[PDB]
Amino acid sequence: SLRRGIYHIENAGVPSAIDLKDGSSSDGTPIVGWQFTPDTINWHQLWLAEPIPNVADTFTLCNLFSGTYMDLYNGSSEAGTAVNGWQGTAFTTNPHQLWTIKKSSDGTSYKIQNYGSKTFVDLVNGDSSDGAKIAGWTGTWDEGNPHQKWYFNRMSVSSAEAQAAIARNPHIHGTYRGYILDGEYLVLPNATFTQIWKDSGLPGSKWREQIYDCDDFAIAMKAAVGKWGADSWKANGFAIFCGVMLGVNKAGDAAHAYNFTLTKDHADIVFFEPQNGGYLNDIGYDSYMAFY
């Protein structure tokens, strides 16, 4: 089963991702194929898959930027029916906006079937051009046709996944406690994480004993990523990943506050030093507390 989370949805045939054109909130905004840059935020190309209760393998897909939903126009079963952004809700009963998403015959990519029409999301003609039509189209669950096959490239972690990544780290103190704030987090590329650090003005902040020392940098960095999340995205029902940790050194006579993010592969954490913007596999402290 596809898990609740944020996905970059990439065609199995050509390197085109599902793109809400200009990220418009306008009803009837075309959803198209568009080229993408890896290890960035692809601003118009992120989709929040919300599972529907009591309806197997079926979801809403909410554009993270627009807060509008993938919508089969008038729910038509006609081949070539437009797939657009449209206003909706996370648990709608509008079958225009309900998508059964299951593994293709290749066992890695998925097919996206409209719950109402039973037609499939199709990159018409396998066109790799920026702005290529995406439509609802006849097809089957089993066929190889790559026009209708999509890699769901997972951009988020559950809190349980974030907890596993921390637990895998060697720099966790024996007294560690971890405090979970949210359920599902968008993992940032380091490029973006760094940019939010710059845009916060933390690079200009001077260390001052107690009045602006390591706890103040680490908590400011988390607030800045919180603020960036609300101000950047119109969808709800997720957070941005940015941890705070308190750590103790080896001698056990010095504590230090810092941040942490997650690796590309979501498997491990990386320490961030909000006083200089360094990423470290070893920040010279072992964490006895985290909140994220």
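Rigid core here is just the name for the largest C-alpha set that superposes within 1.5 Å across the two forms. Start at 1 with the first residue shown and count on from there.
Averaged as a root mean square over residues and superposed structures in 5 other deposited structures of this protein, CA distances to the shown form are larger in 181 to 189; the pair compared was 181 to 189 and 122 to 130 with a core fit.
Taking 220 to 228 and 246 to 254 in turn, the stretch whose Cα atoms are more displaced from the shown form in 5 other deposited structures of this protein following rigid core superposition is 246 to 254. On average the C-alpha atoms of 86 to 94 have higher B-factors than those of the other stretch, with 86 to 94 and 211 to 219 being the two compared. When 234 to 242 is weighed against 248 to 256, 248 to 256 comes out higher, by mean CA B-factor as recorded in the entry. The PDB entry assigns residue 116 a C-alpha temperature factor belonging to the middle third of its chain's modelled residues. Annotation for residue 44: CA B-factor lies in the lowest third of the chain's modelled residues. Split the chain's modelled residues into thirds by C-alpha temperature factor. Residue 56 is in the highest one. Ranked by C-alpha B-factor against the other modelled residues of its chain, residue 142 falls in the highest third.
In the PDB entry, residue 267 places in the highest third of its chain by CA B-factor.
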